[PDB]
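> Take a look at the following structure, please.
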Amino acid sequence: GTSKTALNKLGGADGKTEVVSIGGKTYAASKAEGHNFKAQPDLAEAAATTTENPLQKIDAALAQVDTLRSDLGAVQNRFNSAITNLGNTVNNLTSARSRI
Amino acid sequence: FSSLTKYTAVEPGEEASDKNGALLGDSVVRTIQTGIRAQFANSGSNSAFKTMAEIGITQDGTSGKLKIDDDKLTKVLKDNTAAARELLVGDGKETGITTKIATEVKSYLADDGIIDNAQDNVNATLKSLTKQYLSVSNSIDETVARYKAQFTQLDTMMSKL
Amino acid sequence: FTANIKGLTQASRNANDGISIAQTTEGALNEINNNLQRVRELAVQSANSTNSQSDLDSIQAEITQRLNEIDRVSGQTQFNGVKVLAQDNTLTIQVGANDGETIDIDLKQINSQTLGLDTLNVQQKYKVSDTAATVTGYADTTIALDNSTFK
Amino acid sequence: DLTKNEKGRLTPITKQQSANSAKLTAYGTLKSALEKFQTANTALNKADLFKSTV
């Protein structure tokens with residue numbers, strides 16, 4: 001909660017973003033405010049200058065999409081199994097109580 | 001597709017909800033949506049503009065609606081229609097969005113198609129559930145027969161008194 | 001059995017949480033694929049050098065800013081404590097004889113900004129035109145003559 | 001106990017068949033959608049129409 005006067009690096013595509021460096025790591029002051037430090041003590045930011053080779057970044061993004069849809073399918077079949085199991089339990093118990 | 005999403009979240013405080021979503025317990029439509037959206041991303045164009053970037057066809061920020069820029073699309077098409085010709089049409093024989101979409105739809109309508117297989121599995125599942133319904137119905141009939149026998153017995157006992 | 005009632009209720013809410021996970025994963029997938037479409041659009045637009053670099057930089061800045069906006073609005077929506085891009089949490093279904101086997105789901109830190117897409121810049125930095133001895137502006141000062149000598 | 005038994009026995013599995021029927025109807029609706037995309041594709045895939053200079 002205490003603002004520190006310190007040397008701030010360049011950040012952003014234009015470089016006009018005035019990125020404050022805290023603890024030796026540069027954190028973008030634009031999104032630093034309003035973010036919970038407890039969840040992510042050291043978030044990633046735009047480094048100095050630029051990062052080239054966009055092809056591997058696009059490949060990583062599409063891999064992320066693929067793993068997200070795979071996780072979605074896993075969750076889908078998981079709660080489908082849970083739902084069918086609980087429905088079987090419910091109908092078995094209601095048949096039993098009708099019999100009893 | 002966004003209309004196919006039916007969900008009513010419930011907190012632990014309230015009891016169980018009877019209503020079930022129409023498209024729930026089924027992920028094949030989600031797979032179809034993902035495949036359609038991915039194929040919509042054109043990358044086989046003969047021109048260097050593989051993407052529809054220069055034309056101005058922009059998808060919505062949060063959803064798949066094409067927030068088309070009317071003035072941008074108009075100014076681009078008055079700039080050059082050849083870019084549009086070479087963008088999605090391509091060669092016109094095999095390359096192009098329309099060709100692959102049509103081929104995959106023709107695959108889907110057939111027996112090997114994923115939608116046809118999904119509906120076949122659906123009818124098989126509902127026939128198994130109909131067999132279960134028959135089993136439960138005959139058990140109900142037997143139990144009701146016993147209950148009616150007991151009711152007639154009670155009537156006879158009350159008549160004796 | 002009284003524990004049966006609470007077990008059934010919590011199992012139903014766990015299934016509802018799983019359905020919410022599926023729907024929010026669909027929402028996240030839609031958002032990230034929209035972002036991917038925008039990013040490949042930007043890459044194709046910036047591949048050609050005929051367009052102005054200032055417009056490309058402005059578009060890059062806009063892409064980064066609304067990517068930040070969508071990431072933060074996704075990370076500030078936490079209902080029932082389920083959310084993927086923000087926190088690491090493990091959820092296990094209770095084995096109260098209702099479920100044959102208990103399954104544990106882990107929601108880890110999953111974000112696209114780690115991949116470094118925001119770090120990208122379409123235009124390489126150029127050296128600024130430097131003027132020597134421009135002699136413009138001033139510096140604010142509060143110094144004054146010494147009190148003792150002046151007095 | 002007649003009312004409880006009846007209420008239990010009327011609709012034990014009907015929700016599953018209703019869900020299956022709703023899924024079939026959704027399949028039909030998406031089938032109609034893909035037919036309208038076939039119509040659109042037939043309309044547009046014509047490569048000569050971009051040559052119009054009337």
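By convention in this document, the chains of the structure tokens carry letters A, B, ... by their order, each chain's residues are numbered from 1, and ligands are numbered from 1 in the order they are shown.
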Could you please tell me, as JSON, numbers by chain, which residues of chain A have an atom within 6 Å of chain C when using only C-alpha atoms?
{"A": [13, 46, 50, 51, 72, 79]}
> For a quick test of understanding: name the residues of chain C lying within 7 Å of chain B when counting only C-alpha atoms, and present them as JSON, numbers by chain.
{"C": [9, 12, 13, 16, 30, 31, 34, 41, 44, 45]}
> Point out the residue among A:62, A:48, A:26, A:80 with the least atom-to-atom distance to residue 12 (chain A), counting only C-alpha atoms.
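Using only C-alpha atoms, residue 12 (chain A) sits closest to A:48.
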> Find the residue from D:13, D:26, D:40, D:33 that sits nearest to residue 90 (chain A); use only C-alpha atoms when measuring.
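Residue with the minimum atom-to-atom distance to residue 90 (chain A): D:13.
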> List the neighbours of residue 136 (chain B) out to 10 Å using only C-alpha atoms; skip same-chain residues closer than 3 positions along the sequence, and give me the result as a PDB file with N, CA, C and O atoms, in the first residue's frame.

```
ATOM      1  N   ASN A  91     -33.146 -43.792  -8.159  1.00  0.00           N
ATOM      2  CA  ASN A  91     -34.208 -44.696  -8.594  1.00  0.00           C
ATOM      3  C   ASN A  91     -34.136 -46.031  -7.861  1.00  0.00           C
ATOM      4  O   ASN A  91     -35.174 -46.616  -7.531  1.00  0.00           O
ATOM      5  N   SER A  95     -37.217 -47.310  -5.587  1.00  0.00           N
ATOM      6  CA  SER A  95     -37.785 -48.636  -5.796  1.00  0.00           C
ATOM      7  C   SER A  95     -37.726 -49.462  -4.518  1.00  0.00           C
ATOM      8  O   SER A  95     -38.672 -50.191  -4.196  1.00  0.00           O
TER       9      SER A  95
ATOM     10  N   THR B 130     -36.289 -47.143 -22.390  1.00  0.00           N
ATOM     11  CA  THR B 130     -37.643 -47.666 -22.542  1.00  0.00           C
ATOM     12  C   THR B 130     -37.747 -49.081 -21.987  1.00  0.00           C
ATOM     13  O   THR B 130     -38.765 -49.447 -21.389  1.00  0.00           O
ATOM     14  N   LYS B 131     -36.706 -49.891 -22.181  1.00  0.00           N
ATOM     15  CA  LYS B 131     -36.671 -51.205 -21.543  1.00  0.00           C
ATOM     16  C   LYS B 131     -36.692 -51.074 -20.024  1.00  0.00           C
ATOM     17  O   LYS B 131     -37.400 -51.819 -19.330  1.00  0.00           O
ATOM     18  N   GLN B 132     -35.919 -50.125 -19.491  1.00  0.00           N
ATOM     19  CA  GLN B 132     -35.952 -49.863 -18.054  1.00  0.00           C
ATOM     20  C   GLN B 132     -37.339 -49.414 -17.607  1.00  0.00           C
ATOM     21  O   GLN B 132     -37.810 -49.798 -16.529  1.00  0.00           O
ATOM     22  N   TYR B 133     -37.999 -48.587 -18.418  1.00  0.00           N
ATOM     23  CA  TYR B 133     -39.356 -48.152 -18.111  1.00  0.00           C
ATOM     24  C   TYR B 133     -40.317 -49.330 -18.079  1.00  0.00           C
ATOM     25  O   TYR B 133     -41.207 -49.386 -17.229  1.00  0.00           O
ATOM     26  N   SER B 139     -42.859 -53.948 -12.418  1.00  0.00           N
ATOM     27  CA  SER B 139     -42.702 -53.956 -10.966  1.00  0.00           C
ATOM     28  C   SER B 139     -43.801 -53.150 -10.280  1.00  0.00           C
ATOM     29  O   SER B 139     -44.342 -53.581  -9.252  1.00  0.00           O
ATOM     30  N   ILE B 140     -44.149 -51.989 -10.844  1.00  0.00           N
ATOM     31  CA  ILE B 140     -45.231 -51.173 -10.305  1.00  0.00           C
ATOM     32  C   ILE B 140     -46.545 -51.939 -10.359  1.00  0.00           C
ATOM     33  O   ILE B 140     -47.343 -51.906  -9.416  1.00  0.00           O
ATOM     34  N   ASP B 141     -46.793 -52.632 -11.472  1.00  0.00           N
ATOM     35  CA  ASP B 141     -48.023 -53.403 -11.609  1.00  0.00           C
ATOM     36  C   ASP B 141     -48.103 -54.506 -10.562  1.00  0.00           C
ATOM     37  O   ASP B 141     -49.160 -54.721  -9.960  1.00  0.00           O
ATOM     38  N   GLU B 142     -46.996 -55.213 -10.326  1.00  0.00           N
ATOM     39  CA  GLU B 142     -46.992 -56.267  -9.316  1.00  0.00           C
ATOM     40  C   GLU B 142     -47.247 -55.694  -7.924  1.00  0.00           C
ATOM     41  O   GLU B 142     -48.045 -56.235  -7.145  1.00  0.00           O
TER      42      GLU B 142
ATOM     43  N   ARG D   9     -44.198 -43.139  -8.522  1.00  0.00           N
ATOM     44  CA  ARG D   9     -44.191 -44.092  -9.627  1.00  0.00           C
ATOM     45  C   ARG D   9     -44.581 -43.487 -10.972  1.00  0.00           C
ATOM     46  O   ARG D   9     -44.311 -44.109 -12.006  1.00  0.00           O
ATOM     47  N   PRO D  12     -40.635 -41.533 -12.855  1.00  0.00           N
ATOM     48  CA  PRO D  12     -39.304 -41.860 -12.333  1.00  0.00           C
ATOM     49  C   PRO D  12     -38.189 -41.699 -13.358  1.00  0.00           C
ATOM     50  O   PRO D  12     -37.047 -41.406 -12.991  1.00  0.00           O
ATOM     51  N   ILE D  13     -38.502 -41.884 -14.642  1.00  0.00           N
ATOM     52  CA  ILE D  13     -37.476 -41.932 -15.681  1.00  0.00           C
ATOM     53  C   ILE D  13     -37.869 -41.012 -16.833  1.00  0.00           C
ATOM     54  O   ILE D  13     -37.092 -40.808 -17.772  1.00  0.00           O
TER      55      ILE D  13
END
```
> What separation in Å, quoted to one decimal, exists between CA of residue 95 (chain B) and CA of residue 45 (chain B)?
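Going from CA of residue 95 (chain B) over to CA of residue 45 (chain B) covers 7.4 Å.
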> With DSSP run on the backbone, what are the strand (DSSP E) residues within chain A? I'd like them as a ChimeraX atom specification.
/A:8-11,17-22,25-27
> May I have the residues within 10 Å of residue 14 (chain D) as a PDB file with N, CA, C and O atoms, in the first residue's frame, using only C-alpha atoms and disregarding those fewer than 4 positions away in the same chain?

```
ATOM      1  N   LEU B 129     -33.522 -47.064 -22.124  1.00  0.00           N
ATOM      2  CA  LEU B 129     -34.337 -46.447 -21.083  1.00  0.00           C
ATOM      3  C   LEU B 129     -35.795 -46.876 -21.180  1.00  0.00           C
ATOM      4  O   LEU B 129     -36.480 -46.961 -20.159  1.00  0.00           O
ATOM      5  N   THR B 130     -36.289 -47.143 -22.390  1.00  0.00           N
ATOM      6  CA  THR B 130     -37.643 -47.666 -22.542  1.00  0.00           C
ATOM      7  C   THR B 130     -37.747 -49.081 -21.987  1.00  0.00           C
ATOM      8  O   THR B 130     -38.765 -49.447 -21.389  1.00  0.00           O
ATOM      9  N   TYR B 133     -37.999 -48.587 -18.418  1.00  0.00           N
ATOM     10  CA  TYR B 133     -39.356 -48.152 -18.111  1.00  0.00           C
ATOM     11  C   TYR B 133     -40.317 -49.330 -18.079  1.00  0.00           C
ATOM     12  O   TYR B 133     -41.207 -49.386 -17.229  1.00  0.00           O
TER      13      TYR B 133
ATOM     14  N   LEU D  10     -45.212 -42.309 -11.000  1.00  0.00           N
ATOM     15  CA  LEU D  10     -45.640 -41.751 -12.284  1.00  0.00           C
ATOM     16  C   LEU D  10     -44.452 -41.360 -13.157  1.00  0.00           C
ATOM     17  O   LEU D  10     -44.380 -41.745 -14.330  1.00  0.00           O
ATOM     18  N   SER D  18     -37.501 -37.296 -21.956  1.00  0.00           N
ATOM     19  CA  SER D  18     -37.742 -35.914 -22.360  1.00  0.00           C
ATOM     20  C   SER D  18     -36.451 -35.237 -22.800  1.00  0.00           C
ATOM     21  O   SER D  18     -36.431 -34.501 -23.793  1.00  0.00           O
ATOM     22  N   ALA D  19     -35.360 -35.475 -22.069  1.00  0.00           N
ATOM     23  CA  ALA D  19     -34.068 -34.920 -22.455  1.00  0.00           C
ATOM     24  C   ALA D  19     -33.610 -35.475 -23.797  1.00  0.00           C
ATOM     25  O   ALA D  19     -33.066 -34.739 -24.628  1.00  0.00           O
ATOM     26  N   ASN D  20     -33.815 -36.774 -24.023  1.00  0.00           N
ATOM     27  CA  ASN D  20     -33.446 -37.367 -25.306  1.00  0.00           C
ATOM     28  C   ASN D  20     -34.256 -36.764 -26.450  1.00  0.00           C
ATOM     29  O   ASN D  20     -33.717 -36.487 -27.528  1.00  0.00           O
TER      30      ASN D  20
END
```
> Compute the chain A side of the contact with chain B at 12 Å, counting only C-alpha atoms, and hand it back as JSON, numbers by chain.
{"A": [62, 65, 66, 68, 69, 70, 71, 72, 73, 74, 75, 76, 77, 78, 79, 80, 81, 82, 83, 84, 88, 91, 92, 94, 95, 96, 97, 98, 99, 100]}
> Those same residues - N, CA and C atoms - I'd like them written as a compact mmCIF listing (two decimals), in the first residue's frame.

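Saved result, result_20.txt, follows:
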```txt
# COMPACT_ATOMS: atom_id res chain seq x y z
N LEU A 62 -3.03 -21.94 -29.82
CA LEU A 62 -3.92 -22.99 -30.31
C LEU A 62 -3.81 -24.26 -29.46
N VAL A 65 -6.00 -23.61 -26.59
CA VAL A 65 -7.40 -23.83 -26.96
C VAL A 65 -7.72 -25.32 -26.96
N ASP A 66 -6.82 -26.13 -27.52
CA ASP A 66 -7.05 -27.57 -27.57
C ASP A 66 -7.11 -28.18 -26.18
N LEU A 68 -7.91 -26.61 -23.45
CA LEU A 68 -9.11 -26.12 -22.79
C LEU A 68 -10.34 -26.91 -23.23
N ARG A 69 -10.46 -27.20 -24.52
CA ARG A 69 -11.60 -28.00 -24.97
C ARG A 69 -11.49 -29.43 -24.45
N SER A 70 -10.27 -29.96 -24.35
CA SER A 70 -10.09 -31.29 -23.76
C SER A 70 -10.51 -31.31 -22.30
N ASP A 71 -10.13 -30.28 -21.54
CA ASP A 71 -10.56 -30.18 -20.15
C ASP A 71 -12.08 -30.03 -20.05
N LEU A 72 -12.67 -29.28 -20.97
CA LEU A 72 -14.13 -29.14 -20.99
C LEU A 72 -14.80 -30.48 -21.23
N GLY A 73 -14.29 -31.26 -22.18
CA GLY A 73 -14.84 -32.59 -22.41
C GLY A 73 -14.66 -33.51 -21.22
N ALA A 74 -13.50 -33.41 -20.55
CA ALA A 74 -13.27 -34.20 -19.34
C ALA A 74 -14.28 -33.85 -18.26
N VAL A 75 -14.51 -32.55 -18.04
CA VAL A 75 -15.49 -32.11 -17.06
C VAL A 75 -16.88 -32.59 -17.46
N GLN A 76 -17.20 -32.51 -18.75
CA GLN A 76 -18.52 -32.92 -19.23
C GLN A 76 -18.78 -34.38 -18.93
N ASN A 77 -17.86 -35.26 -19.34
CA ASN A 77 -18.07 -36.68 -19.08
C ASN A 77 -18.00 -36.99 -17.59
N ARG A 78 -17.23 -36.21 -16.83
CA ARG A 78 -17.13 -36.46 -15.39
C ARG A 78 -18.46 -36.20 -14.71
N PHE A 79 -19.08 -35.04 -14.97
CA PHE A 79 -20.36 -34.82 -14.31
C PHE A 79 -21.47 -35.62 -14.96
N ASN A 80 -21.30 -36.07 -16.21
CA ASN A 80 -22.27 -37.01 -16.77
C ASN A 80 -22.24 -38.33 -16.02
N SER A 81 -21.04 -38.84 -15.72
CA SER A 81 -20.93 -40.04 -14.90
C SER A 81 -21.51 -39.82 -13.51
N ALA A 82 -21.21 -38.66 -12.91
CA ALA A 82 -21.77 -38.36 -11.59
C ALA A 82 -23.29 -38.32 -11.63
N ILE A 83 -23.85 -37.70 -12.67
CA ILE A 83 -25.30 -37.55 -12.78
C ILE A 83 -25.96 -38.91 -12.98
N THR A 84 -25.41 -39.75 -13.86
CA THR A 84 -26.03 -41.05 -14.07
C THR A 84 -25.91 -41.92 -12.83
N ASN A 88 -29.13 -43.32 -10.83
CA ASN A 88 -29.28 -44.74 -10.53
C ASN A 88 -29.49 -44.96 -9.04
N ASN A 91 -33.15 -43.79 -8.16
CA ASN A 91 -34.21 -44.70 -8.59
C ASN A 91 -34.14 -46.03 -7.86
N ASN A 92 -32.93 -46.52 -7.57
CA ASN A 92 -32.80 -47.74 -6.79
C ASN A 92 -33.37 -47.56 -5.39
N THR A 94 -35.63 -45.33 -4.40
CA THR A 94 -37.07 -45.15 -4.43
C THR A 94 -37.80 -46.46 -4.73
N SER A 95 -37.22 -47.31 -5.59
CA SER A 95 -37.79 -48.64 -5.80
C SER A 95 -37.73 -49.46 -4.52
N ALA A 96 -36.62 -49.36 -3.77
CA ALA A 96 -36.50 -50.09 -2.52
C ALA A 96 -37.53 -49.62 -1.50
N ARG A 97 -37.71 -48.31 -1.36
CA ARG A 97 -38.66 -47.80 -0.37
C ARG A 97 -40.10 -48.11 -0.79
N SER A 98 -40.37 -48.13 -2.09
CA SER A 98 -41.68 -48.59 -2.56
C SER A 98 -41.88 -50.06 -2.22
N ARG A 99 -40.84 -50.88 -2.39
CA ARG A 99 -40.94 -52.29 -2.04
C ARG A 99 -41.11 -52.48 -0.54
N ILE A 100 -40.40 -51.69 0.26
CA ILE A 100 -40.50 -51.77 1.72
C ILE A 100 -41.73 -51.00 2.20
```
> Could you please tell me, as a list in words, which residues of chain D have an atom within 8 Å of chain B when using only C-alpha atoms?
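Every residue of chain D that passes the 8 Å test is in residues 9, 13, 16, 17, 19, 20, 22, 23, 24, 26, 27, 34, 38, 41, 45, 47 and 50 of chain D.
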> Restricted to N, CA and C atoms, what would the selected residues look like written as a PDB file, in the first residue's frame?

```
ATOM      1  N   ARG D   9     -44.198 -43.139  -8.522  1.00  0.00           N
ATOM      2  CA  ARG D   9     -44.191 -44.092  -9.627  1.00  0.00           C
ATOM      3  C   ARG D   9     -44.581 -43.487 -10.972  1.00  0.00           C
ATOM      4  N   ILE D  13     -38.502 -41.884 -14.642  1.00  0.00           N
ATOM      5  CA  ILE D  13     -37.476 -41.932 -15.681  1.00  0.00           C
ATOM      6  C   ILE D  13     -37.869 -41.012 -16.833  1.00  0.00           C
ATOM      7  N   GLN D  16     -35.524 -38.408 -18.422  1.00  0.00           N
ATOM      8  CA  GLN D  16     -34.466 -38.841 -19.328  1.00  0.00           C
ATOM      9  C   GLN D  16     -34.966 -38.937 -20.767  1.00  0.00           C
ATOM     10  N   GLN D  17     -36.151 -39.520 -20.969  1.00  0.00           N
ATOM     11  CA  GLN D  17     -36.718 -39.581 -22.313  1.00  0.00           C
ATOM     12  C   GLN D  17     -37.038 -38.186 -22.836  1.00  0.00           C
ATOM     13  N   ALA D  19     -35.360 -35.475 -22.069  1.00  0.00           N
ATOM     14  CA  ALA D  19     -34.068 -34.920 -22.455  1.00  0.00           C
ATOM     15  C   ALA D  19     -33.610 -35.475 -23.797  1.00  0.00           C
ATOM     16  N   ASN D  20     -33.815 -36.774 -24.023  1.00  0.00           N
ATOM     17  CA  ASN D  20     -33.446 -37.367 -25.306  1.00  0.00           C
ATOM     18  C   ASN D  20     -34.256 -36.764 -26.450  1.00  0.00           C
ATOM     19  N   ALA D  22     -35.611 -33.756 -26.474  1.00  0.00           N
ATOM     20  CA  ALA D  22     -35.115 -32.396 -26.659  1.00  0.00           C
ATOM     21  C   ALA D  22     -33.803 -32.393 -27.431  1.00  0.00           C
ATOM     22  N   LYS D  23     -32.929 -33.363 -27.151  1.00  0.00           N
ATOM     23  CA  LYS D  23     -31.686 -33.485 -27.903  1.00  0.00           C
ATOM     24  C   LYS D  23     -31.958 -33.780 -29.372  1.00  0.00           C
ATOM     25  N   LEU D  24     -32.928 -34.652 -29.652  1.00  0.00           N
ATOM     26  CA  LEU D  24     -33.288 -34.938 -31.038  1.00  0.00           C
ATOM     27  C   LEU D  24     -33.825 -33.693 -31.737  1.00  0.00           C
ATOM     28  N   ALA D  26     -33.052 -30.610 -30.965  1.00  0.00           N
ATOM     29  CA  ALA D  26     -31.884 -29.763 -31.187  1.00  0.00           C
ATOM     30  C   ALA D  26     -31.093 -30.229 -32.403  1.00  0.00           C
ATOM     31  N   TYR D  27     -30.958 -31.547 -32.568  1.00  0.00           N
ATOM     32  CA  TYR D  27     -30.316 -32.083 -33.763  1.00  0.00           C
ATOM     33  C   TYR D  27     -31.059 -31.652 -35.017  1.00  0.00           C
ATOM     34  N   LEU D  34     -27.714 -26.208 -40.872  1.00  0.00           N
ATOM     35  CA  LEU D  34     -26.689 -26.594 -41.832  1.00  0.00           C
ATOM     36  C   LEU D  34     -27.249 -26.647 -43.250  1.00  0.00           C
ATOM     37  N   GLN D  38     -25.869 -24.743 -46.472  1.00  0.00           N
ATOM     38  CA  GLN D  38     -25.711 -25.292 -47.821  1.00  0.00           C
ATOM     39  C   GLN D  38     -26.272 -24.338 -48.864  1.00  0.00           C
ATOM     40  N   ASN D  41     -23.901 -21.435 -49.229  1.00  0.00           N
ATOM     41  CA  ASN D  41     -22.684 -21.856 -49.911  1.00  0.00           C
ATOM     42  C   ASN D  41     -22.922 -22.004 -51.405  1.00  0.00           C
ATOM     43  N   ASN D  45     -20.551 -19.692 -53.690  1.00  0.00           N
ATOM     44  CA  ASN D  45     -19.367 -20.364 -54.219  1.00  0.00           C
ATOM     45  C   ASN D  45     -19.196 -20.129 -55.714  1.00  0.00           C
ATOM     46  N   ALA D  47     -17.980 -18.606 -58.660  1.00  0.00           N
ATOM     47  CA  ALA D  47     -16.836 -17.718 -58.812  1.00  0.00           C
ATOM     48  C   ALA D  47     -17.031 -16.666 -59.891  1.00  0.00           C
ATOM     49  N   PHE D  50     -18.439 -12.634 -58.933  1.00  0.00           N
ATOM     50  CA  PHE D  50     -17.532 -11.539 -58.607  1.00  0.00           C
ATOM     51  C   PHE D  50     -17.041 -10.796 -59.843  1.00  0.00           C
TER      52      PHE D  50
END
```
> In Å, rounded to a single decimal, give me how far CA of residue 80 (chain C) is from CA of residue 27 (chain C).
16.9 Å
> Can you work out the spacing between CA of residue 44 (chain A) and CA of residue 27 (chain A) in Å, to one decimal?
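Spanning CA of residue 44 (chain A) to CA of residue 27 (chain A) is a straight-line distance of 7.6 Å.
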> I need the residue nearest chain A from this list: D:29, D:3, D:8, D:21. Use only C-alpha atoms for the distance.
D:8
> Enumerate the residues of chain D with a DSSP assignment of helix (DSSP H, G or I), computed from the backbone, and present them as a ChimeraX atom specification.
/D:2-10,14-44,49-51
> Generate a file of the selected residues that holds N, CA and C atoms, formatted as a compact mmCIF listing (two decimals), in the first residue's frame.

```
# COMPACT_ATOMS: atom_id res chain seq x y z
N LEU D 2 -50.98 -44.08 -0.49
CA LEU D 2 -51.28 -44.20 -1.92
C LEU D 2 -50.73 -43.02 -2.70
N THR D 3 -50.92 -41.80 -2.18
CA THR D 3 -50.49 -40.61 -2.90
C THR D 3 -48.97 -40.57 -3.06
N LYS D 4 -48.24 -40.91 -2.00
CA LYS D 4 -46.78 -40.89 -2.07
C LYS D 4 -46.27 -41.91 -3.09
N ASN D 5 -46.82 -43.13 -3.04
CA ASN D 5 -46.40 -44.17 -3.97
C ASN D 5 -46.72 -43.78 -5.41
N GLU D 6 -47.91 -43.23 -5.64
CA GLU D 6 -48.27 -42.80 -6.99
C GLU D 6 -47.33 -41.70 -7.48
N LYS D 7 -47.13 -40.66 -6.67
CA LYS D 7 -46.26 -39.56 -7.08
C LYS D 7 -44.85 -40.06 -7.37
N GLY D 8 -44.39 -41.06 -6.62
CA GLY D 8 -43.10 -41.66 -6.92
C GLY D 8 -43.10 -42.43 -8.23
N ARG D 9 -44.20 -43.14 -8.52
CA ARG D 9 -44.19 -44.09 -9.63
C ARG D 9 -44.58 -43.49 -10.97
N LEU D 10 -45.21 -42.31 -11.00
CA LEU D 10 -45.64 -41.75 -12.28
C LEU D 10 -44.45 -41.36 -13.16
N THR D 14 -39.07 -40.43 -16.76
CA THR D 14 -39.60 -39.66 -17.87
C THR D 14 -38.72 -38.47 -18.23
N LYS D 15 -38.01 -37.91 -17.24
CA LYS D 15 -37.12 -36.79 -17.53
C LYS D 15 -36.02 -37.17 -18.50
N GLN D 16 -35.52 -38.41 -18.42
CA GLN D 16 -34.47 -38.84 -19.33
C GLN D 16 -34.97 -38.94 -20.77
N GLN D 17 -36.15 -39.52 -20.97
CA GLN D 17 -36.72 -39.58 -22.31
C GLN D 17 -37.04 -38.19 -22.84
N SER D 18 -37.50 -37.30 -21.96
CA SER D 18 -37.74 -35.91 -22.36
C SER D 18 -36.45 -35.24 -22.80
N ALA D 19 -35.36 -35.48 -22.07
CA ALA D 19 -34.07 -34.92 -22.45
C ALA D 19 -33.61 -35.47 -23.80
N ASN D 20 -33.81 -36.77 -24.02
CA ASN D 20 -33.45 -37.37 -25.31
C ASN D 20 -34.26 -36.76 -26.45
N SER D 21 -35.56 -36.55 -26.23
CA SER D 21 -36.39 -35.93 -27.26
C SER D 21 -35.96 -34.50 -27.53
N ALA D 22 -35.61 -33.76 -26.47
CA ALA D 22 -35.11 -32.40 -26.66
C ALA D 22 -33.80 -32.39 -27.43
N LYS D 23 -32.93 -33.36 -27.15
CA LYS D 23 -31.69 -33.49 -27.90
C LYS D 23 -31.96 -33.78 -29.37
N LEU D 24 -32.93 -34.65 -29.65
CA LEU D 24 -33.29 -34.94 -31.04
C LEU D 24 -33.83 -33.69 -31.74
N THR D 25 -34.64 -32.91 -31.03
CA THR D 25 -35.15 -31.67 -31.61
C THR D 25 -34.03 -30.68 -31.88
N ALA D 26 -33.05 -30.61 -30.97
CA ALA D 26 -31.88 -29.76 -31.19
C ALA D 26 -31.09 -30.23 -32.40
N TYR D 27 -30.96 -31.55 -32.57
CA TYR D 27 -30.32 -32.08 -33.76
C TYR D 27 -31.06 -31.65 -35.02
N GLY D 28 -32.39 -31.71 -34.99
CA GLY D 28 -33.16 -31.27 -36.14
C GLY D 28 -32.97 -29.79 -36.44
N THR D 29 -32.95 -28.96 -35.40
CA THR D 29 -32.75 -27.53 -35.60
C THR D 29 -31.38 -27.23 -36.20
N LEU D 30 -30.33 -27.86 -35.66
CA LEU D 30 -29.01 -27.64 -36.23
C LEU D 30 -28.90 -28.22 -37.63
N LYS D 31 -29.66 -29.28 -37.93
CA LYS D 31 -29.71 -29.79 -39.29
C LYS D 31 -30.32 -28.76 -40.23
N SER D 32 -31.41 -28.11 -39.81
CA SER D 32 -31.98 -27.04 -40.62
C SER D 32 -30.98 -25.91 -40.82
N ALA D 33 -30.24 -25.58 -39.76
CA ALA D 33 -29.21 -24.56 -39.87
C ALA D 33 -28.16 -24.95 -40.90
N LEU D 34 -27.71 -26.21 -40.87
CA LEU D 34 -26.69 -26.59 -41.83
C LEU D 34 -27.25 -26.65 -43.25
N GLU D 35 -28.54 -26.97 -43.42
CA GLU D 35 -29.15 -26.82 -44.75
C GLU D 35 -29.13 -25.37 -45.22
N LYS D 36 -29.43 -24.42 -44.34
CA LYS D 36 -29.41 -23.03 -44.79
C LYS D 36 -27.98 -22.59 -45.11
N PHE D 37 -26.99 -23.15 -44.42
CA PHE D 37 -25.60 -22.92 -44.84
C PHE D 37 -25.28 -23.58 -46.18
N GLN D 38 -25.87 -24.74 -46.47
CA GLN D 38 -25.71 -25.29 -47.82
C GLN D 38 -26.27 -24.34 -48.86
N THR D 39 -27.45 -23.77 -48.59
CA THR D 39 -28.04 -22.83 -49.54
C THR D 39 -27.15 -21.61 -49.73
N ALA D 40 -26.63 -21.06 -48.63
CA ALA D 40 -25.74 -19.91 -48.72
C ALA D 40 -24.47 -20.26 -49.50
N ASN D 41 -23.90 -21.44 -49.23
CA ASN D 41 -22.68 -21.86 -49.91
C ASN D 41 -22.92 -22.00 -51.40
N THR D 42 -24.05 -22.60 -51.79
CA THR D 42 -24.39 -22.69 -53.20
C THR D 42 -24.55 -21.30 -53.81
N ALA D 43 -25.14 -20.37 -53.05
CA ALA D 43 -25.32 -19.01 -53.56
C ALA D 43 -23.99 -18.33 -53.83
N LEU D 44 -23.03 -18.47 -52.91
CA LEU D 44 -21.80 -17.68 -52.98
C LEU D 44 -20.65 -18.36 -53.72
N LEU D 49 -19.67 -14.71 -60.25
CA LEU D 49 -20.50 -13.58 -59.85
C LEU D 49 -19.66 -12.39 -59.41
N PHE D 50 -18.44 -12.63 -58.93
CA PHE D 50 -17.53 -11.54 -58.61
C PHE D 50 -17.04 -10.80 -59.84
N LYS D 51 -17.32 -11.31 -61.04
CA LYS D 51 -16.91 -10.69 -62.29
C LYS D 51 -17.94 -9.69 -62.82
```
